[PDB]
Every structure is written in C-alpha cells, then in structure tokens.
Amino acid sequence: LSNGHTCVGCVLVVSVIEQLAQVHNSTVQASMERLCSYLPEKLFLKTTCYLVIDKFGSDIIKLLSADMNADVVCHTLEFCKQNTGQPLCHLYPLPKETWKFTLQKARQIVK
C-alpha cells in the first residue's frame, strides 16, 4: 500500500506538477495535462500518466489549489504515513507547531 518508495514517488510527482503550474502560471489541471502530453506513447507512459489523473487528479487539484505543498498532499492521500512515535518524514521545510492542523485541514478538503 504505502512504503518509502511510494512516498518519494508521490512527493516527486506532486512537486513537478506544482512547479509546472507555477512556471507556466497555469491551473493544476492544465499542469497535469501538460506533463502527460510530454510523456511518450511508448511503454504506456502517456496513458499511465492520464490514468493517474483519472484516479488522483481531482484530489491533487483541490489540495494544490489550497496552497498545500507536496508533503501535505502525499500524507493526505496516504502515499506517506507517519506511524505512531516514528519521526515525521518530509522533503520541504515543515513548521511542526502547525503540521497537524494543516493535515487536519487537508483531510477536510478531500473529505
């Protein structure tokens, strides 16, 4: 379901999605369509990209349009999981005082 590799992957993909929309000053939906349009048809890469949008696109849009970073997205969508007592794994600067409140808000968005 969720391990350290799916967490890295999600953070990478969401990071590219977020940064593409910023670079091209576009919507998140258009950034995900841009990314897939760049990927070849070969090896099912383009099709697989569009299928990820079909499954996760709408949740990614809602969270990224609320200005939550890739860390919050991937934890909210359960690609990353902080187990009881274990440290919090994150790639971007993380304010610990408000992390749980941010995660609480993120869950409400995709609820």
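When you see a residue number, it is the position in the sequence shown, counting from 1.
Comparing 21 to 29 with 86 to 94, the stretch with the higher mean C-alpha B-factor in the PDB entry is 86 to 94. The mean Cα B-factor in the deposited entry runs higher for 75 to 83 than for the other of 75 to 83 and 41 to 49. Ranked by Cα temperature factor within the chain, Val110 sits in the highest third according to the deposited record. The PDB entry assigns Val8 a C-alpha temperature factor belonging to the lowest third of its chain's modelled residues.
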